[PDB]
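Residue-level listing of the chains:
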Amino acid sequence: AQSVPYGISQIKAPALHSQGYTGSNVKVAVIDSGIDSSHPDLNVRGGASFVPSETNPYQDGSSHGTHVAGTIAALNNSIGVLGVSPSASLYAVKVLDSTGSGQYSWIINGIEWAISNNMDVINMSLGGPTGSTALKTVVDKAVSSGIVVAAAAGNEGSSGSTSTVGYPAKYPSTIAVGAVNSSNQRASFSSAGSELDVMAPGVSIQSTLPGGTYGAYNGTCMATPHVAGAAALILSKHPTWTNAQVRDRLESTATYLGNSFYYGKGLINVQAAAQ
Amino acid sequence: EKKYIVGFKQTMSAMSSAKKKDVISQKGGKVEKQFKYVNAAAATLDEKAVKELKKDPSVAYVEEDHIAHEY
Ligand SMILES: [Ca+2]
Ligand SMILES: [Ca+2]
């Protein structure tokens, strides 16, 4: 039997599925530690690896990329879980090794791959506290090319009025994604700052793990794929909408939660956004 | 040596697949990759190479190739 993780219901993705919209033909790059494409609850259509010591993108020694992939597009069937956009085409763009670490140049190579292979959506459930000119340039280019880029805001919590939002989420072109629990409360680890754009479920998020298993993790990284999948749903229903239009709808129709320093525009509502 | 990203000025030289390589390669630097969409290159550099590069009319910046982590 299939379970529907609470976060998937929380952003109102099932309403889109009932309308007949599930992310079909929308190409989503998972720029992460790889995706174990042997998982029976996942379909992976392609990808590439820029991690020098781990050149097969369909192997994931961290589990992070597989878990993110399942929140985005775990298959709608009789097993495991359900992703936000279960018919989306997933691409394994491996830029982190099995420890979940990656050089910025590898990440850039992964983003450039996404550009060159006409991805519709990029998910980056990763960041660091350091900025990079090359990184900004590449993310800005992906966005000016028409690609939706969702980035984890970071898990550095709050520090008085100083922004703890990491990179590349800090840059204006990306959609920075914070984390809320099932009560719509900000998780205390979720980074804060005026760069925050939206929140999504990021506490106790059940999804796919390598080896055909399932498990829950917490993080703005688990929150991010909710937003990448939301984008996939919206574009499967509005295939002419640009990335800026997708973003504007996700933010303008978000459920207000409070002070935008801690919550951005609030919790995404994919049902409202895709009206 | 360290892991760096070397960026180039829009047209004030070096972009070209070869003068880019050349630019870094002839300061001790070593190139692992030339970015397709970014006017930059991932390279390995000693301290001398950094100083020379930063001061090249073709170079806009010399930044450390930082290490991110799963968020
Ligand atoms: Ca399933
Ligand atoms: Ca941003």
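Residues numbered from 1 in each chain as written, not as in the entry; some residues may be left out. Chains lettered and ligands numbered in written order. Heavy atoms only, no water.

Going by the PDB entry, chain B carries the name SUBTILISIN E and comes from Bacillus subtilis.

Naming follows the PDB entry, where chain A appears as SUBTILISIN E of Bacillus subtilis. Note on chain A: under the UniProt heading Function, the record states "An extracellular alkaline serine protease, it catalyzes the hydrolysis of proteins and peptide amides." The Catalytic activity comment attached to chain A in UniProt states, word for word, "Hydrolysis of proteins with broad specificity for peptide bonds, and a preference for a large uncharged residue in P1. Hydrolyzes peptide amides." (UniProt positions renumbered as here; feature names shortened; annotations may be inferred.)

A. Spatial organisation of the overall build of chain B. Broken down by element type, chain B carries 2 helices and 5 strands. In sequence order, the secondary structure elements of chain B are arranged as β-α-β-β-α-β-β. Compactness check: chain B gives a C-alpha radius of gyration of 12 Å against a globular reference of 11 Å for 71 residues, within 12% of the reference. Across its three principal axes, chain B shows a C-alpha extent of roughly 35 × 25 × 15 Å. Split into buried and exposed, the 71 residues of chain B put 48% on the buried side. Taking the contacts inside chain B whose residues are at least 6 apart along the sequence as the reference set, 56% of them involve residues at least 24 apart. Approximately 4100 Å² of chain B is accessible, and the part contributed by carbon and sulfur atoms is 50%. Across chain B, the centroid of the 14 positively charged side chains sits 5 Å from that of the 11 negatively charged ones. (Helix = DSSP H or I, 4+ residues; strand = E, 2+ residues; numbered from the N terminus. Rg over C-alpha atoms; globule rule 2.2 N^0.38 Å. Buried < 20%, exposed > 50% of the residue type's maximum accessible area, 1.4 Å probe, protein only. Contact = heavy atoms within 4.5 Å. Areas by Shrake-Rupley, 256 points an atom, 1.4 Å probe, with all protein chains shown as cover. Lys, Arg positive; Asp, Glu negative; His and termini not counted. Charge placed at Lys NZ, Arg CZ, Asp CG, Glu CD.)

B. Highlighting the sheet that holds strand 1 (residues 2-8) of chain B. Residue and element names in this part refer to chain B. Taken together, the 4 strands give an open sheet; going across it, the order is 2-3-1-4, and neighbouring strands pair in antiparallel fashion. At either end of the open sheet lies a strand with only one pairing partner, and these are strand 2 (30-34) and strand 4 (59-64). Neighbour to neighbour, the strand axes of the sheet diverge by 25° on average, direction disregarded. For strand 1 and strand 3 (residues 40-45), the ladder comprises 6 bridges, and the chain directions are antiparallel. Looking at the pairing, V6 lines up with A41 of strand 3. Seen against the sheet, helix 2 (residues 47-54) touches strand 1, strand 3 and strand 4 and runs at an angle of roughly 150° to strand 4. (Pairing = 2+ DSSP bridges. Axes fitted to C-alpha atoms, helices over the stretch in contact; angles between N-to-C directions.)

C. Here's a closer look at the sheet that holds strand 2 (residues 44-49) of chain A. All names here are of chain A. Read from one edge of the open sheet, 7 strands run 2-3-1-5-7-8-9, paired in parallel fashion. This sheet does not close on itself; its edge strands, each paired only once, are strand 2 and strand 9 (198-201). Each strand axis lies, on average, 25° off the axis of its neighbour in the sheet, ignoring direction. Bridging between strand 1 (residues 27-32) and strand 3 (residues 89-94) involves 6 bridges; their strand directions are parallel. When the bridges of strand 3 are listed, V28 appears paired with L90. Of the strands in this sheet, strand 1, strand 5 (121-124), strand 7 (148-152), strand 8 (175-180) and strand 9 are in contact with helix 6 (residues 220-237), which crosses strand 8 at around 120°.

D. Focus on the nonpolar core. All names here are of chain A. Counting residues in each nonpolar core, the largest one holds 59 residues, and the members touching the most others are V28, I72, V121, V227, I234, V246 and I268. The element that contributes the greatest number of residues to this core is helix 6, accounting for 11 residues. The next biggest cluster of nonpolar side chains, apart from the first, holds 35 residues, and it includes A48, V93, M124 and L126. (Core = buried A, V, L, I, M, F, W, Y, C linked by side-chain atoms within 4.5 Å.)

E. Structural view of the coordination of the calcium ion (ligand 1). All names here are of chain A. With distances of 2.5 to 2.8 Å, the protein atoms coordinating the calcium ion (ligand 1) are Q2 (OE1), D41 (OD), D41 (OD), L75 (O), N77 (OD1), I79 (O) and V81 (O). Within one chain, the residues serving as donors to the calcium ion (ligand 1) are arranged as Q-x38-D-x33-L-x1-N-x1-I-x1-V. Judged by its relative accessible area of 31%, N77 falls in the partly exposed class. (Donors = N, O, S within 2.8 Å, 3.2 Å for Na, K, Ca; no water.)

F. How the structure looks around the packing of helix 3 (residues 64-73) of chain A against helix 6 of chain A. Residue and element names in this part refer to chain A. Interaxial distance between helix 3 and helix 6 falls to 8 Å at its minimum, and their mutual angle equals 40°. For the element pair helix 3 / helix 6, the angle class is oblique. Between helix 3 and helix 6 lies a crossing of right-handed hand. Between helix 3 and helix 6, the contacting residues are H64, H67, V68, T71 and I72 on the first element and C221, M222, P225, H226, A228 and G229 on the second. Taken together, the residues of the contact of helix 3 with helix 6 break down into 6 nonpolar, 5 polar and no charged. (Parallel < 35°, antiparallel > 145°, perpendicular 65-115°, else oblique. Left-handed = near helix turned anticlockwise from the far one by under 90°. Nonpolar A, V, L, I, M, F, W, Y, C, P; charged D, E, K, R; others polar.)

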